[PDB]
There are 2 protein chains.
Amino acid sequence: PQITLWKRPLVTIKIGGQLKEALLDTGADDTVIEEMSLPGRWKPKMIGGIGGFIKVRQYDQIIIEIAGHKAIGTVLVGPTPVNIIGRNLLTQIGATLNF
Amino acid sequence: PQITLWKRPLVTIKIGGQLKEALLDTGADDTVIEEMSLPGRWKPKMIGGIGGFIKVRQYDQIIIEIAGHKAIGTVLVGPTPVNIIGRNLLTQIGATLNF
Ligand SMILES: CSC[C@H](NC(=O)COc1cccc2cnccc12)C(=O)N[C@@H](Cc1ccccc1)[C@H](O)C(=O)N1CSC[C@H]1C(=O)NC(C)(C)C
């Protein structure tokens, strides 16, 4: 699709068999999801945004569908204000910015 | 242009007679620039994201040339770690996300 930016670029994702809403975020290096259960071991990660830095849990090689497009990659879990689909997964789905 | 997302989508902007580097950010509702002077009246705003909120000054009817494309709109000024071009100005330069 071609997604314009007059509204937030919200999509449905599927992760853990569950549908969630998330934002396609070109300003985010990484993908950050609200507290949920994911399988496997996690590693510590600090990420920084507008307000400072937060601790999150890093899960690798997680199966995730984004707007119907299949991806498998790193998902961070933590106190994010919104579910964020960042560049690590935007690249997997072939997304570009165009103007 | 077509900007891939393998790296941060940074571009040069001109604002208030000054050149800056800024991030093209579909995840941001607003455009946020590091401390600088701008003309006109302003009002305070709190904006929130990863790590919480910061206080900024809101200036209306400001022009930013973004990678050669002129856009007018609201610009927030405050202690952001990165200059952010948000959706309010991305729309004006005709930016879309494509996949
Ligand atoms: C994976 S979540 C973390 C992410 N940060 C990054 O990708 C990169 O951060 C940084 C890059 C370089 C220097 C930095 C120094 N101090 C902190 C962060 C830095 C991030 O928060 N990105 C946001 C933009 C941004 C990038 C860099 C610094 C600060 C913010 C995001 O694209 C957005 O728009 N978000 C996510 S939460 C809501 C919204 C947002 O912040 N909106 C505004 C700007 C407050 C309107």
Side-chain angles (χ1 to χ4, degrees), chain A residues 1-11 13 21-34 45-56 65-71 73 76-99, chain B residues 1-11 13 21-34 45-56 65-71 73 76-99:
Chain A
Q2 173 166 78
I3 301 181
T4 65
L5 298 169
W6 305 100
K7 299 183 166 120
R8 286 180 176 182
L10 295 170
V11 301
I13 66 169
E21 181 179 89
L23 183 70
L24 303 181
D25 189 343
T26 60
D29 302 332
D30 309 302
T31 292
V32 195
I33 310 291
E34 66 207 335
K45 177 72 177 217
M46 284 216 358
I47 58 176
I50 199 70
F53 286 76
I54 61 167
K55 313 197 137 197
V56 297
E65 210 172 76
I66 301 158
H69 291 247
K70 295 186 76 209
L76 311 179
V77 178
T80 179
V82 57
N83 294 327
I84 295 169
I85 308 306
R87 293 187 297 93
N88 73 306
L89 302 182
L90 296 171
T91 57
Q92 292 201 20
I93 72 176
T96 58
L97 280 165
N98 295 261
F99 58 100
Chain B
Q2 176 168 99
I3 300 177
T4 66
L5 298 169
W6 296 119
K7 310 259 311 239
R8 294 171 178 155
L10 295 167
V11 299
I13 68 169
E21 180 186 78
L23 182 67
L24 301 178
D25 185 358
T26 62
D29 296 339
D30 305 321
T31 292
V32 193
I33 306 298
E34 67 205 346
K45 192 180 187 189
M46 286 280 272
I47 60 177
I50 293 288
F53 288 76
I54 64 169
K55 188 176 170 175
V56 298
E65 189 173 0
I66 301 157
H69 296 247
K70 291 182 207 158
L76 309 182
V77 176
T80 180
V82 172
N83 298 314
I84 299 176
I85 306 304
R87 293 188 297 97
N88 72 306
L89 298 179
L90 294 171
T91 59
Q92 299 299 285
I93 72 174
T96 60
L97 185 75
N98 297 73
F99 58 100

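Sequence lines set the chain letters: A, B, ... in the order given, protein chains first and strands last, and positions in each chain run from 1.
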**Q** Please flag which part of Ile54(A) lies under 4.5 Å from any non-hydrogen atom of chain B: side chain, backbone, both or neither.
**A** side chain
**Q** Ignoring hydrogens and angles, write down the donor-acceptor pairs under 3.5 Å from the side chains of residues 3-10 of chain B, residues two or more places apart or on other chains.
**A**
from    : atom 1 : to       : atom 2 : distance (Å)
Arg8(B) : NE     : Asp29(A) : OD1    : 2.9
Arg8(B) : NH2    : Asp29(A) : OD2    : 2.8

**Q** Between the side chains of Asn88(A) and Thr31(A), does any donor sit under 3.5 Å from an acceptor?
**A** yes
**Q** Tell me, out of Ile93(A), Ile47(A), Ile85(A), who's got the most heavy-atom pairs with chain B below 4.5 Å.
**A** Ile93(A)
**Q** Look at the side chain of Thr80(B) and the backbone N and O of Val82(B), then say whether any donor-acceptor pair between them is shorter than 3.5 Å.
**A** yes
**Q** Using heavy-atom distances under 4.5 Å, tell me whether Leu90(A) contacts chain B through its side chain, its backbone, both, or neither.
**A** side chain
**Q** Could you list the residues that satisfy side chain to side chain donor-acceptor pair (under 3.5 Å) with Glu21(B), not counting sequence neighbours?
**A** none
**Q** Quick one: of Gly94(A), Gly49(A), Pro1(A), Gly52(A), who has the most non-hydrogen atom pairs under 4.5 Å with chain B?
**A** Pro1(A)
**Q** If you measure from the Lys or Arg side-chain nitrogens to the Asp or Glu carboxylate oxygens, is any gap between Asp25(A) and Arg87(A) under 4.0 Å?
**A** no
**Q** Under a 4.5 Å heavy-atom cut-off, does chain A meet the side chain of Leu97(B), its backbone, both or neither?
**A** both
